[PDB]
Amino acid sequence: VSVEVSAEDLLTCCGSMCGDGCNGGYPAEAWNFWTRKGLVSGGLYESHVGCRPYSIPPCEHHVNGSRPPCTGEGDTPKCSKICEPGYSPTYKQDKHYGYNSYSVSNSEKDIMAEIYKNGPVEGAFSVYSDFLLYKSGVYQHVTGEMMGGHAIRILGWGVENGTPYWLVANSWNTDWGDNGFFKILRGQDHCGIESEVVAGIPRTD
């Protein structure tokens, strides 16, 4: 049973507990939110998939392609507790809940065990200028100024050229990086990648 959980629902209905919508927020509180209020289904922008699909259009994130380039940050859409027309059932009957949520230890092995045992987690790392140009390989910060913290999805690990890495999913579409994925140095708490791992177990109901 695979459901595409709506980012929109999370971004817009989590109040100030999550932070401030499009002006960034708190990963850990996002997990908590799902535990308390749950989350509906919702696919990609203008997919008509699920109850609350994403309403902010895609763009070109530091790359060239057909899409207009990402503007910066815009407006946080409104929390509307109703499903898009054409979707059945009700908003409330579409809610998916968490049993729990917890922080994973700043430890390579703990993070490895968690993924292996329960699946992809969420982490965050500080983004430096050289990161934007990521194409392939294992990312390692050398040059460039800092930009900020950036939450991501860690779903695996490996070693390349004896350089161990974390397999991560970015949300800058598929035409950024390696078909939307990147690899970053592991075991050195690089760019703070093993520092803010959070996960949780769904509610089999």
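So that there is no doubt, residue numbering starts at 1 and follows the sequence shown.
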Legend entry - Entry-level comparison of average CA B-factors, 63-71 and 48-56, reporting the higher stretch: 63-71
Legend entry - Mean C-alpha temperature factor, higher of 36-44 and 157-165: 157-165
Inset, instruction - Specify which of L132, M112, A124, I82 carries the largest Cα B factor in the deposited PDB entry. - result: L132
Inset, instruction - Pick out which of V3, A7, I201, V198 has the highest C-alpha B-factor in the PDB entry. - result: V3
Legend entry - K92 - Cα temperature factor, lowest/middle/highest third of chain: highest
Legend entry - Third of the chain, ranked by Cα B-factor, where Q140 sits: middle
Inset, instruction - Among all modelled residues of this chain, ranked by Cα B factor, put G86 in the bottom, middle or top third, i.e. lowest, middle or highest. - result: middle
Inset, instruction - Place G21 in the lowest, middle or highest third of its chain's C-alpha B-factors, as listed in the PDB entry. - result: lowest
Legend entry - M147 - which third its CA temperature factor falls in, relative to the rest of the chain: highest
